[PDB]
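Here the structure comes first, spelled out in structure tokens, and everything after it is commentary.
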Amino acid sequence: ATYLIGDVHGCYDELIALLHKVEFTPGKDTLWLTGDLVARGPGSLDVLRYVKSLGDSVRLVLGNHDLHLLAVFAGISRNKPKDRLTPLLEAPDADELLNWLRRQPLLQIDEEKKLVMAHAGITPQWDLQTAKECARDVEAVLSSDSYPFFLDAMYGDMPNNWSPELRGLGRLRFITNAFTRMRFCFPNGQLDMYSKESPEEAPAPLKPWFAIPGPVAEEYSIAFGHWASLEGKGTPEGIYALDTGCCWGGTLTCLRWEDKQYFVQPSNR
Ligand SMILES: [Mn+2]
Ligand SMILES: [Mn+2]
């Protein structure tokens, strides 16, 4: 069976309980995770150990908090007390875990299921070939010995409009923002980097990225996490918003793909 779970955010107990609910069995089952495995919840260390141990039974994409953790580890960015990352950063296997984490994809595609996953979704300004090329380029910098320099370069809110002519720092910044920070778009597809509200509370003319028809979403289903204020609701057919805010006191959501059946684990707070 195929299971898809939204943002775990260090909620190790809830993750394990939800996987026991569906009797997840590596080797017979595969798990997709929308990223943001770490921060906020108490168990980032155990979450990373377990997900890494799953090997080929898990298909992960990296989220914005996974990237922030990598930036802290590399000495690029400052640790925030509220993220509760110190046990993981001080663990004897931190190097092993974070070197594995930075090698994980930004984008997962399954052609037999016609299914695409990224942390924040697929910007309507991208077709599938471009999304794949951009994911490959950022994965290449993150997998390289020089990844601290990329992590430093990635910070920024511009440019917010895609063009195949983008080069260098602006290209990498847009790719990073589209995959891991996107929520709202302007009518022309341009990213808005500020509003994190639910679609009903957002200012005009902002619309959710998935409300703008795009070539990937016309052919593929898209699963994503990231957007907690969306609460997993309000999406069109073929769009699966899996982040129901477990770390925030919401729920951890798991979707079984074969029958589109949902399983929910309440947050423990
Ligand atoms: Mn996120
Ligand atoms: Mn998140």
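Heads up: numbering here begins at 1 and tracks the sequence. Side chains are part of it too, since the values below use all heavy atoms of this structure and drop only hydrogens, waters and symmetry mates. Each ligand, and each atom within it, is numbered from 1 in the order the structure gives.
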Whether the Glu111 and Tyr220 side chains hold a donor-acceptor pair (N or O, under 3.5 Å, no angle test) is what I'd like checked. yes
Does a side chain donor of either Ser163 or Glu165 reach within less than 3.5 Å of an acceptor in the other side chain? yes
Suppose you place the vertex at the Mn ion (ligand 2); what is the angle out to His9 NE2 and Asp7 OD2, to 10°? 120°
Do any N/O/S atoms of [X] come under 2.8 Å of the Mn ion (ligand 1)?
X: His119; answer: yes
X: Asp243; answer: no
X: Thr180; answer: no

When you group the ILVMFWY residues by side-chain heavy-atom contacts below 4.5 Å and let the links chain together, are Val61 and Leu191 in the same group? no
Cluster question for you: counting only ILVMFWY and a side-chain heavy-atom cut-off of under 4.5 Å, with indirect links fine, are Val141 and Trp100 together? yes
Considering only heavy atoms from C-beta outward, does the side chain of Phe73 approach that of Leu101 to under 4.5 Å? no
Looking at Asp36, pick out the N, O or S atom nearest to the Mn ion (ligand 1) and give its name. OD2
Which is the closest N/O/S atom of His226 when seen from the Mn ion (ligand 1)? ND1
